[PDB]
Amino acid sequence: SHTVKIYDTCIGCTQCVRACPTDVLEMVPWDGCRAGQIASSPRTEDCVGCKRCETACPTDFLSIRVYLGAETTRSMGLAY
Amino acid sequence: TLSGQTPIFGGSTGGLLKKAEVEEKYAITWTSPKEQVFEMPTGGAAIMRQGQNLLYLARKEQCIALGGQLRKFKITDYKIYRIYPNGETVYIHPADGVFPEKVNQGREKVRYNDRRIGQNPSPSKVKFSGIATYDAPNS
Amino acid sequence: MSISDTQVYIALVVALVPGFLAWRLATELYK
Amino acid sequence: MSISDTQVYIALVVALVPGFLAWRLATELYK
Amino acid sequence: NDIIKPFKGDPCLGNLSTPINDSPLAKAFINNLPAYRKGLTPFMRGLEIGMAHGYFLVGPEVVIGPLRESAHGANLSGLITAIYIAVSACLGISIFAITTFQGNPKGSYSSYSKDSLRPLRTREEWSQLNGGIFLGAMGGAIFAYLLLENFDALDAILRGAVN
Amino acid sequence: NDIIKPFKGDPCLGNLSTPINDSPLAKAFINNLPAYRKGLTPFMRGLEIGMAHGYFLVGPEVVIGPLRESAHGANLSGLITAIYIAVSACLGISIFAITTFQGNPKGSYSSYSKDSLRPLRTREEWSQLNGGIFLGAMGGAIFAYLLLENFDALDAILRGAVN
Amino acid sequence: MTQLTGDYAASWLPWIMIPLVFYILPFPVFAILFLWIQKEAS
Amino acid sequence: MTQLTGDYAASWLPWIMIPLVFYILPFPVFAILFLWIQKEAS
Ligand code: CLA
Ligand code: CLA
Ligand code: CLA
Ligand code: CLA
Ligand code: CLA
Ligand SMILES: CC1=C(/C=C/C(C)=C/C=C/C(C)=C/C=C/C=C(C)/C=C/C=C(C)/C=C/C2=C(C)CCCC2(C)C)C(C)(C)CCC1
Ligand SMILES: CC1=C(/C=C/C(C)=C/C=C/C(C)=C/C=C/C=C(C)/C=C/C=C(C)/C=C/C2=C(C)CCCC2(C)C)C(C)(C)CCC1
Ligand SMILES: CC1=C(/C=C/C(C)=C/C=C/C(C)=C/C=C\C=C(C)\C=C\C=C(C)\C=C\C2=C(C)CCCC2(C)C)C(C)(C)CCC1
Ligand SMILES: CC1=C(/C=C/C(C)=C/C=C/C(C)=C/C=C\C=C(C)\C=C\C=C(C)\C=C\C2=C(C)CCCC2(C)C)C(C)(C)CCC1
Ligand SMILES: CC1=C(/C=C/C(C)=C/C=CC(/C)=C/C=C\C=C(C)\C=C/C=C(C)/C=C/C2=C(C)CCCC2(C)C)C(C)(C)CCC1
Ligand code: SF4
Ligand code: SF4
């Protein structure tokens, strides 16, 4: 149960969604970009916290923040 | 529901543990045109079948690790399910039937802040309040 | 002249007073 | 000169080899 | 063909069917240990487990303990070690039973757990186990204490010295 | 306001909610005594009750009994007192269980009794209790007997006299 | 000397309380303190 | 002599194995060998 907030500085480069190993992010239509897209995080209980989405965001001081919060059984990735 | 023939695999040690049938469990289901061999996300190698393939994995990251491997075999028809122990099977990937890199209609901006990240409020503003600085209904 | 045999036991029951007053306060701070 | 103290124990663990090879064969003949 | 199969035929399970866990001899030995023997009340599971352990636990303290130098005092130091190890062990499984069985045990003791390596999943079954483990490990400790403090009297009767 | 309430909010009940019976500490202590601990088989209720009593019952006879003058004989007189008190006590609760559980127990053991201060209302529950009380009060008596007849050997090892 | 003794008054009192607070009471204490950190909020 | 002894090496070994194979192990063995001759074919 992390918190992946997306800010208005996205450019719809789509790179944050590809890096996510757990499919937390996905693109929705938007208008504040030439791409007309913005990241959204509908599945954040699945967020593992790897911040691999933040490494891919190219906007300077990146538009997507993982906010490591209450860690549960699927946000810590336990197979046992 | 879910069905398919399991790949040729001699069984591993990295597979399902007691969390599989107690909390919940995942299943990736894909169709292959060829009888080739893929790397198991739980260590090892398995031979994927000719028709409908079914594989049980402990956590969702393994399924999308394997799903990202299937795209290197030019297979993009895989579906990831989530099996609760009581038995019902949810469809979770791809959630709308199209892959999340693609943009649909009807999807909603969820956890979107309509401000730059730079003007999140200071922690003193939300002092002794339920919210954090990053939800922050201002702007 | 060290303290007598009884003076040790007197301290034992006297120190039982802050022993329970600690329970007073630890539970009142809602453990 | 009788056999040493250790030579008895060496025979004990050596004879454990046909002790298990008898289990090999008795169960393989489907007891 | 291959002797190492997937564990009960499911390749996705995190185990292997190996000569150590899935052999006709190895299954016959483990599944008839008192922890797993079919047909035992949990008291008889713990009673037989307890006595096997109280018996051998007095050993390592009566010959390499601090009291080993004398004879009558060595046996006391070995018995009480088995008393203390077992009492603290049976304290462990009373508080294990309290803290795991609280409505829906998170793990291998859930109602839908289907686990064979630990079949005591009830808290009616873990309480007779505690009594068996305790009374067993106490009687085993005493029996190994009585046989050791009477060793000179017992060495004579297994040597024919008593005619 | 007032700290003394009607007993569980019913003014007509013949009791009071008082700091001695209805306190967070006092309820936590009494309701976790082995007589009342949630999650115990009746055997483990009696086993833990028994050992607490067999242990201390050997005391009042080995130092102010008739045999206190000597050493080896004092411990026998204290052990057998705990043997006799417990055997007659466990005789008492076998015949208590026979004579109260006879179809509709007149009193606090009726089916519609809803009494918390005595939860053993079955005669399947009072028979494991008898076994626990007996085997407990016997083991406690022996353990306090073994620790007392070996007191000189035990006084040395808690004083470092055994190096 | 070859024993633990006490010239101080009530010298019998370390004899029993050093075993008590150090290896007789803690395992009951660690059990009580264990039952408190692992109780359901139901 | 008035005792069973052994001049041979490891003379302690008959001391324990004559009781073992003759009156300590057989009743476990006759119990295991009993459970095998009286098992249901289900
Ligand atoms: C640090 C390690 C350590 C040390 C120092 C010891 C030290 C000792 N052990 Mg021990 N032991 C150990 C580890 C250790 N053990 C481990 C890891 C196990 C496996 C669980 C055992 C299992 C074991 C057994 C079974 C016995 C010992 C015994 C002894 C004592 C030997 C007494 C003797 O020589 O004459 C005396 C020898 C006898 C009196 C033998 C008489 C025959 C007995 C009654 C038969 C045993 C019961 C029988 C098998 C019941 C069947 C049950 C089932 C197995 C079929 C000695 C103090 C013996 C003992 O406790 O003395 C009372 C003994 O019987 N040990
Ligand atoms: C007429 C009244 C009377 C008399 C004459 C006695 C006389 C005696 N009592 Mg007793 N007692 C009484 C009433 C009486 N008691 C009452 C009303 C209670 C409350 C139930 C007790 C509880 C009690 C306990 C717990 C003990 C005694 C012990 C003794 C003996 C002292 C032995 C000694 O000095 O050195 C020897 C001292 C020791 C060997 C202490 C060693 C440490 C022990 C093993 C720790 C005790 C177990 C531990 C607390 C387990 C935890 C369980 C749980 C409480 C957490 C002595 C004969 C001791 C005894 O029985 O000796 C074996 C002893 O431990 N008494
Ligand atoms: C030969 C028969 C026999 C024997 C050896 C025993 C033995 C025993 N009984 Mg038992 N009992 C018996 C018959 C017997 N009983 C009968 C017929 C009844 C129904 C009334 C009972 C009801 C009973 C209860 C309710 C309890 C026992 C209990 C016990 C045990 C503890 C001792 C005791 O409390 O005395 C009690 C004995 C009685 C209340 C009745 C005894 C009457 C029989 C006929 C004995 C007569 C003996 C004879 C007069 C003297 C010969 C021996 C003497 C010379 C040494 C003990 C091993 C206790 C137990 O459960 O242990 C854990 C206990 O709670 N018994
Ligand atoms: C905090 C101060 C303090 C400290 C560090 C100690 C330390 C010690 N005492 Mg103690 N003691 C104290 C206060 C203290 N005492 C007071 C005020 C009394 C009068 C009743 C005693 C009476 C006493 C006796 C009779 C004995 C000791 C003994 C000992 C020694 C062994 C440990 C033990 O069994 O004690 C047992 C503890 C008590 C008897 C009660 C003391 C607890 C005090 C009152 C409060 C401590 C709680 C602390 C403030 C909270 C911190 C907890 C946590 C946050 C860390 C040890 C050096 C033993 C000894 O002599 O060694 C050879 C011995 O048998 N003391
Ligand atoms: C079949 C040959 C044979 C025979 C008839 C005996 C006979 C005897 N031996 Mg043994 N022994 C043997 C082989 C044999 N031995 C071998 C090869 C070793 C080397 C490990 C030993 C080591 C040994 C020791 C240390 C001791 C004996 C002792 C004894 C005597 C008491 C019984 C006993 O406890 O033995 C115990 C049995 C063993 C230690 C294992 C021997 C089993 C052999 C290896 C195979 C026998 C199985 C047989 C072939 C199958 C037939 C079963 C059925 C069909 C009838 C007894 C006279 C005791 C003694 O000295 O008496 C005073 C003693 O303590 N023996
Ligand atoms: C795995 C295996 C093995 C091992 C085994 C072991 C590990 C061992 C052991 C063992 C043991 C370890 C045994 C034991 C025992 C015991 C006993 C036998 C007991 C007892 C007891 C008793 C009898 C008691 C009684 C009593 C009581 C109860 C109370 C009162 C008191 C008295 C004392 C009376 C081998 C390799 C060899 C082979 C096979 C398999
Ligand atoms: C109320 C209260 C109190 C009190 C308490 C008391 C009253 C006490 C006590 C106590 C006691 C009183 C304790 C005890 C104990 C015990 C034990 C710990 C036991 C044991 C045992 C054993 C271990 C046994 C064993 C055996 C058997 C079983 C059989 C065989 C033989 C033998 C021996 C081995 C006070 C105020 C303080 C505080 C808190 C609360
Ligand atoms: C069945 C079986 C068994 C079992 C075992 C078991 C199952 C167990 C357990 C147990 C347990 C379950 C345990 C334990 C424990 C606990 C502990 C060890 C604790 C503690 C503590 C502490 C350390 C604490 C700390 C703290 C806290 C957290 C609070 C605050 C403060 C302080 C820091 C103090 C036996 C071997 C007997 C027998 C045979 C088989
Ligand atoms: C749980 C409990 C308990 C319990 C207790 C009880 C519950 C009891 C009881 C009991 C009982 C329940 C009893 C008793 C008794 C009886 C008697 C004591 C009797 C008698 C007798 C007589 C005296 C008689 C008389 C007569 C008659 C009536 C007939 C005619 C003739 C003549 C006159 C002889 C105990 C502490 C252990 C442990 C812990 C807790
Ligand atoms: C009665 C009697 C007696 C006895 C006595 C005794 C045996 C005792 C005891 C006991 C003791 C020896 C005690 C004590 C104590 C304790 C204390 C004093 C404590 C503490 C602590 C504290 C201070 C706390 C703290 C805290 C708080 C504040 C809150 C929360 C956290 C904590 C927990 C940290 C005699 C015979 C003498 C006399 C007569 C009768
Ligand atoms: S959050 Fe970053 S990676 Fe994702 S669309 Fe916006 S700018 Fe691109
Ligand atoms: S932290 Fe990892 S799982 Fe979570 S949104 Fe970022 S990339 Fe995806």
# chains A, B, ... in the order shown; residues from 1 in each chain; ligands from 1
$ select_by_dssp --residues "chain D" --states "alpha helix (DSSP H)" --output "PyMOL selection string"
chain D and resi 5-14+16-28
$ residues_near_ligand --ligand "ligand 1" --cutoff "7 Å" --atoms "only C-alpha atoms and all ligand atoms" --output "number ranges by chain"
E: 53, 55-56, 58-64, 144-145, 147-148, 151; H: 16, 24-25, 28
$ residues_around --residues "residue 11 in chain A" --least-positions-apart "6" --cutoff "9 Å" --atoms "only C-alpha atoms" --output "PyMOL selection string"
chain A and resi 32-38+58-59+63
$ write_last_selection --atoms "C-alpha atoms" --output "compact mmCIF listing (two decimals), in the first residue's frame"
# COMPACT_ATOMS: atom_id res chain seq x y z
CA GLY A 32 -1.67 18.73 -21.12
CA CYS A 33 0.78 17.03 -23.46
CA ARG A 34 1.54 16.67 -27.12
CA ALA A 35 1.19 12.96 -26.39
CA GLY A 36 -2.26 13.51 -24.93
CA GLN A 37 -1.45 10.92 -22.27
CA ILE A 38 -0.59 10.90 -18.59
CA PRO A 58 12.81 11.89 -17.95
CA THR A 59 11.27 15.15 -16.78
CA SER A 63 6.60 13.61 -12.36
$ calpha_fit_and_write --fixed "chain C" --moving "chain D" --output "JSON list (two decimals) with C-alpha atoms, in the first residue's frame"
[["chain", "number", "residue", "atom", "x", "y", "z"],
["D", 1, "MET", "CA", 28.22, -1.25, 60.91],
["D", 2, "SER", "CA", 26.31, -2.44, 57.87],
["D", 3, "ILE", "CA", 22.53, -2.17, 57.71],
["D", 4, "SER", "CA", 20.55, -4.71, 59.69],
["D", 5, "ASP", "CA", 18.77, -7.80, 58.45],
["D", 6, "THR", "CA", 15.32, -6.24, 58.77],
["D", 7, "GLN", "CA", 16.26, -3.00, 57.00],
["D", 8, "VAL", "CA", 16.69, -4.92, 53.75],
["D", 9, "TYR", "CA", 13.13, -6.26, 53.95],
["D", 10, "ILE", "CA", 11.81, -2.82, 54.86],
["D", 11, "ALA", "CA", 13.29, -1.50, 51.63],
["D", 12, "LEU", "CA", 11.72, -4.43, 49.76],
["D", 13, "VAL", "CA", 8.19, -3.52, 50.83],
["D", 14, "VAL", "CA", 8.83, 0.21, 50.53],
["D", 15, "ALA", "CA", 10.07, -0.26, 46.96],
["D", 16, "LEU", "CA", 6.87, -2.18, 46.27],
["D", 17, "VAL", "CA", 5.05, 1.17, 46.54],
["D", 18, "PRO", "CA", 6.72, 2.62, 43.40],
["D", 19, "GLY", "CA", 6.48, -0.85, 41.92],
["D", 20, "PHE", "CA", 2.71, -0.52, 41.82],
["D", 21, "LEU", "CA", 2.72, 3.21, 41.11],
["D", 22, "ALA", "CA", 4.63, 2.29, 37.95],
["D", 23, "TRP", "CA", 1.71, 0.03, 37.03],
["D", 24, "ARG", "CA", -0.62, 2.95, 37.83],
["D", 25, "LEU", "CA", 1.20, 5.05, 35.25],
["D", 26, "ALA", "CA", 2.29, 2.56, 32.58],
["D", 27, "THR", "CA", -1.28, 1.36, 32.08],
["D", 28, "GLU", "CA", -2.65, 4.90, 32.35],
["D", 29, "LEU", "CA", -0.41, 5.83, 29.44],
["D", 30, "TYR", "CA", -2.31, 3.05, 27.61],
["D", 31, "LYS", "CA", 0.24, 0.36, 26.92]]
$ interface_residues --of "chain G" --to "chain E" --cutoff "9 Å" --atoms "only C-alpha atoms" --output "PyMOL selection string"
chain G and resi 27-28+31-32+34-35+38-40
$ interface_residues --of "chain E" --to "chain D" --cutoff "12 Å" --atoms "only C-alpha atoms" --output "list in words"
residues 23, 24 and 25 of chain E
$ closest_residue --among "F:73, F:107, F:136, F:50" --to "ligand 9" --atoms "only C-alpha atoms and all ligand atoms"
F:50
$ atom_distance --atom1 "CA of residue 19 in chain F" --atom2 "CA of residue 32 in chain F"
17.1 Å
$ residues_around --residues "residue 124 in chain B" --least-positions-apart "6" --cutoff "12 Å" --atoms "only C-alpha atoms" --output "PyMOL selection string"
chain B and resi 131-133
$ write_last_selection --atoms "N, CA, C and O atoms" --output "mmCIF file, in the first residue's frame"
data_model
loop_
_atom_site.group_PDB
_atom_site.id
_atom_site.type_symbol
_atom_site.label_atom_id
_atom_site.label_comp_id
_atom_site.auth_asym_id
_atom_site.auth_seq_id
_atom_site.Cartn_x
_atom_site.Cartn_y
_atom_site.Cartn_z
ATOM 1 N N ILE B 131 -4.342 13.684 6.623
ATOM 2 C CA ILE B 131 -3.723 13.606 5.305
ATOM 3 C C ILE B 131 -2.218 13.799 5.403
ATOM 4 O O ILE B 131 -1.700 14.233 6.437
ATOM 5 N N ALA B 132 -1.516 13.482 4.323
ATOM 6 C CA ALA B 132 -0.105 13.775 4.159
ATOM 7 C C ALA B 132 0.048 14.973 3.231
ATOM 8 O O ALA B 132 -0.932 15.519 2.721
ATOM 9 N N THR B 133 1.296 15.384 3.014
ATOM 10 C CA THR B 133 1.559 16.596 2.247
ATOM 11 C C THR B 133 1.336 16.402 0.762
ATOM 12 O O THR B 133 1.349 17.375 0.009
#
$ interface_residues --of "chain E" --to "chain A" --cutoff "12 Å" --atoms "only C-alpha atoms" --output "PyMOL selection string"
chain E and resi 13-14+106-108
$ residues_near_ligand --ligand "ligand 12" --cutoff "6 Å" --atoms "only C-alpha atoms and all ligand atoms" --output "list in words"
residues 4, 19, 20, 21, 22, 24, 25, 47, 48, 49, 50, 51, 52, 53 and 66 of chain A
$ interface_residues --of "chain E" --to "chain F" --cutoff "9 Å" --atoms "only C-alpha atoms" --output "ChimeraX atom specification"
/E:66-67,69,72-73,76-77,94,97-98,101,123-128,130-131,135,138
$ write_last_selection --atoms "N, CA, C and O atoms" --output "mmCIF file, in the first residue's frame"
data_model
loop_
_atom_site.group_PDB
_atom_site.id
_atom_site.type_symbol
_atom_site.label_atom_id
_atom_site.label_comp_id
_atom_site.auth_asym_id
_atom_site.auth_seq_id
_atom_site.Cartn_x
_atom_site.Cartn_y
_atom_site.Cartn_z
ATOM 1 N N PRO E 66 29.161 -29.313 34.339
ATOM 2 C CA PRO E 66 30.017 -28.823 35.422
ATOM 3 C C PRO E 66 30.107 -29.764 36.603
ATOM 4 O O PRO E 66 31.081 -29.692 37.359
ATOM 5 N N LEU E 67 29.126 -30.638 36.789
ATOM 6 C CA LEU E 67 29.072 -31.539 37.927
ATOM 7 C C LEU E 67 29.626 -32.915 37.617
ATOM 8 O O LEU E 67 29.501 -33.815 38.446
ATOM 9 N N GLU E 69 32.366 -34.219 37.709
ATOM 10 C CA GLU E 69 33.522 -34.696 38.448
ATOM 11 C C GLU E 69 33.086 -35.700 39.506
ATOM 12 O O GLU E 69 33.701 -36.759 39.664
ATOM 13 N N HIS E 72 26.974 -38.459 42.357
ATOM 14 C CA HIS E 72 25.588 -38.182 42.722
ATOM 15 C C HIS E 72 25.149 -36.809 42.240
ATOM 16 O O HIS E 72 23.987 -36.617 41.870
ATOM 17 N N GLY E 73 26.060 -35.836 42.256
ATOM 18 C CA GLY E 73 25.720 -34.493 41.830
ATOM 19 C C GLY E 73 25.650 -34.303 40.335
ATOM 20 O O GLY E 73 24.997 -33.362 39.878
ATOM 21 N N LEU E 76 21.970 -34.934 39.075
ATOM 22 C CA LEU E 76 21.060 -33.831 39.348
ATOM 23 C C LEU E 76 21.188 -32.740 38.298
ATOM 24 O O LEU E 76 20.183 -32.214 37.812
ATOM 25 N N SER E 77 22.421 -32.384 37.939
ATOM 26 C CA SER E 77 22.637 -31.319 36.968
ATOM 27 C C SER E 77 22.133 -31.703 35.590
ATOM 28 O O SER E 77 21.765 -30.830 34.804
ATOM 29 N N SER E 94 2.673 -23.746 24.508
ATOM 30 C CA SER E 94 1.444 -23.160 24.998
ATOM 31 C C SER E 94 1.264 -21.759 24.449
ATOM 32 O O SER E 94 0.159 -21.385 24.062
ATOM 33 N N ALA E 97 0.493 -22.004 20.689
ATOM 34 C CA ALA E 97 -0.899 -22.344 20.434
ATOM 35 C C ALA E 97 -1.817 -21.159 20.680
ATOM 36 O O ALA E 97 -2.813 -20.987 19.975
ATOM 37 N N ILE E 98 -1.515 -20.342 21.688
ATOM 38 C CA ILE E 98 -2.331 -19.159 21.940
ATOM 39 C C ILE E 98 -2.227 -18.170 20.790
ATOM 40 O O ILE E 98 -3.238 -17.632 20.333
ATOM 41 N N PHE E 101 -3.531 -19.667 16.896
ATOM 42 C CA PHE E 101 -4.918 -20.092 16.747
ATOM 43 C C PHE E 101 -5.780 -18.990 17.341
ATOM 44 O O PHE E 101 -6.125 -18.990 18.520
ATOM 45 N N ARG E 123 -5.996 -26.076 18.035
ATOM 46 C CA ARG E 123 -5.982 -25.620 19.435
ATOM 47 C C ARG E 123 -6.808 -26.490 20.391
ATOM 48 O O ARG E 123 -6.488 -26.524 21.591
ATOM 49 N N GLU E 124 -7.696 -27.355 19.920
ATOM 50 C CA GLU E 124 -7.966 -28.587 20.664
ATOM 51 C C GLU E 124 -6.888 -29.633 20.483
ATOM 52 O O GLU E 124 -6.734 -30.503 21.347
ATOM 53 N N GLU E 125 -6.199 -29.628 19.364
ATOM 54 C CA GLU E 125 -5.132 -30.588 19.167
ATOM 55 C C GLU E 125 -3.808 -30.124 19.751
ATOM 56 O O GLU E 125 -2.995 -30.963 20.125
ATOM 57 N N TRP E 126 -3.571 -28.821 19.877
ATOM 58 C CA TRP E 126 -2.294 -28.375 20.428
ATOM 59 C C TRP E 126 -2.262 -28.327 21.936
ATOM 60 O O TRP E 126 -1.206 -28.036 22.498
ATOM 61 N N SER E 127 -3.383 -28.547 22.605
ATOM 62 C CA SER E 127 -3.355 -28.524 24.057
ATOM 63 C C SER E 127 -3.073 -29.901 24.644
ATOM 64 O O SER E 127 -2.276 -30.010 25.575
ATOM 65 N N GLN E 128 -3.676 -30.971 24.115
ATOM 66 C CA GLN E 128 -3.202 -32.300 24.492
ATOM 67 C C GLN E 128 -1.764 -32.533 24.083
ATOM 68 O O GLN E 128 -1.055 -33.282 24.760
ATOM 69 N N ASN E 130 0.637 -30.329 24.225
ATOM 70 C CA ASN E 130 1.438 -29.706 25.269
ATOM 71 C C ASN E 130 1.501 -30.570 26.516
ATOM 72 O O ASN E 130 2.557 -30.688 27.142
ATOM 73 N N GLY E 131 0.377 -31.163 26.907
ATOM 74 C CA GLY E 131 0.388 -32.054 28.052
ATOM 75 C C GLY E 131 1.213 -33.298 27.817
ATOM 76 O O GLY E 131 1.931 -33.754 28.705
ATOM 77 N N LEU E 135 4.508 -34.060 30.138
ATOM 78 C CA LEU E 135 4.548 -35.273 30.946
ATOM 79 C C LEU E 135 5.468 -36.322 30.354
ATOM 80 O O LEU E 135 6.003 -37.157 31.085
ATOM 81 N N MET E 138 9.137 -35.172 31.029
ATOM 82 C CA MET E 138 9.437 -35.296 32.444
ATOM 83 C C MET E 138 9.698 -36.741 32.823
ATOM 84 O O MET E 138 10.658 -37.033 33.538
#
$ atom_distance --atom1 "CA of residue 15 in chain F" --atom2 "CA of residue 115 in chain F"
13.0 Å
$ closest_atom_pairs --of "chain H" --to "chain D" --cutoff "9 Å" --atoms "only C-alpha atoms" --output "JSON lines"
{"residue": "H:8", "atom": "CA", "partner": "D:2", "partner_atom": "CA", "distance": 7.1}
{"residue": "H:9", "atom": "CA", "partner": "D:5", "partner_atom": "CA", "distance": 4.6}
{"residue": "H:10", "atom": "CA", "partner": "D:5", "partner_atom": "CA", "distance": 5.3}
{"residue": "H:11", "atom": "CA", "partner": "D:5", "partner_atom": "CA", "distance": 8.7}
$ closest_residue --among "B:64, B:22, B:98, B:47" --to "chain A" --atoms "only C-alpha atoms"
B:64
$ residues_near_ligand --ligand "ligand 11" --cutoff "7 Å" --atoms "only C-alpha atoms and all ligand atoms" --output "VMD selection string"
chain A and resid 6 9 to 17 38 to 39 53 56 to 59 62 to 64
$ write_last_selection --atoms "N, CA and C atoms" --output "CSV table (one decimal), in the first residue's frame"
chain,number,residue,atom,x,y,z
A,6,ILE,N,1.1,11.0,-9.5
A,6,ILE,CA,1.5,11.5,-10.8
A,6,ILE,C,1.2,13.0,-10.8
A,9,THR,N,3.5,17.3,-14.7
A,9,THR,CA,4.7,17.6,-15.5
A,9,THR,C,5.0,16.4,-16.5
A,10,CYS,N,4.2,15.4,-16.5
A,10,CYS,CA,4.3,14.3,-17.4
A,10,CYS,C,4.3,14.8,-18.9
A,11,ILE,N,5.0,14.1,-19.7
A,11,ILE,CA,5.0,14.4,-21.2
A,11,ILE,C,4.5,13.2,-22.0
A,12,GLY,N,3.9,12.2,-21.3
A,12,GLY,CA,3.4,11.1,-22.0
A,12,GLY,C,4.5,10.3,-22.7
A,13,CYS,N,5.7,10.3,-22.1
A,13,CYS,CA,6.8,9.5,-22.7
A,13,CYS,C,6.6,8.0,-22.6
A,14,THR,N,5.6,7.6,-21.8
A,14,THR,CA,5.2,6.2,-21.5
A,14,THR,C,6.2,5.4,-20.8
A,15,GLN,N,7.4,5.9,-20.5
A,15,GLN,CA,8.5,5.1,-20.0
A,15,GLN,C,8.3,4.5,-18.6
A,16,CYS,N,7.5,5.2,-17.8
A,16,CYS,CA,7.3,4.8,-16.4
A,16,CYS,C,6.4,3.5,-16.4
A,17,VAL,N,5.5,3.4,-17.3
A,17,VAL,CA,4.6,2.2,-17.3
A,17,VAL,C,5.4,0.9,-17.7
A,38,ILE,N,-1.2,10.7,-19.9
A,38,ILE,CA,-0.6,10.9,-18.6
A,38,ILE,C,-0.6,9.6,-17.8
A,39,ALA,N,0.4,9.3,-17.0
A,39,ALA,CA,0.4,8.1,-16.2
A,39,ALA,C,-0.7,8.2,-15.1
A,53,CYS,N,9.9,2.9,-11.7
A,53,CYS,CA,9.2,3.9,-12.5
A,53,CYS,C,9.8,5.3,-12.4
A,56,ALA,N,12.8,5.9,-14.8
A,56,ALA,CA,12.5,6.0,-16.2
A,56,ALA,C,11.9,7.4,-16.5
A,57,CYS,N,11.5,8.2,-15.6
A,57,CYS,CA,10.8,9.4,-15.9
A,57,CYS,C,11.8,10.4,-16.3
A,58,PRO,N,11.7,11.0,-17.5
A,58,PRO,CA,12.8,11.9,-18.0
A,58,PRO,C,12.6,13.4,-17.6
A,59,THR,N,11.5,13.8,-17.2
A,59,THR,CA,11.3,15.1,-16.8
A,59,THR,C,12.1,15.5,-15.6
A,62,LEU,N,11.4,14.5,-11.6
A,62,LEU,CA,10.4,13.6,-12.2
A,62,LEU,C,9.0,13.7,-11.6
A,63,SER,N,8.0,13.4,-12.5
A,63,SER,CA,6.6,13.6,-12.4
A,63,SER,C,5.9,12.5,-11.6
A,64,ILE,N,6.6,11.4,-11.3
A,64,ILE,CA,6.0,10.3,-10.6
A,64,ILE,C,6.7,10.0,-9.4
$ closest_residue --among "E:160, E:137, E:89, E:80" --to "ligand 6" --atoms "only C-alpha atoms and all ligand atoms"
E:137
$ residues_around --residues "residue 2 in chain F" --least-positions-apart "5" --cutoff "12 Å" --atoms "only C-alpha atoms" --output "list in words"
residues 16, 17, 18 and 19 of chain F
$ closest_residue --among "E:81, E:104, E:6, E:31" --to "ligand 2" --atoms "only C-alpha atoms and all ligand atoms"
E:81
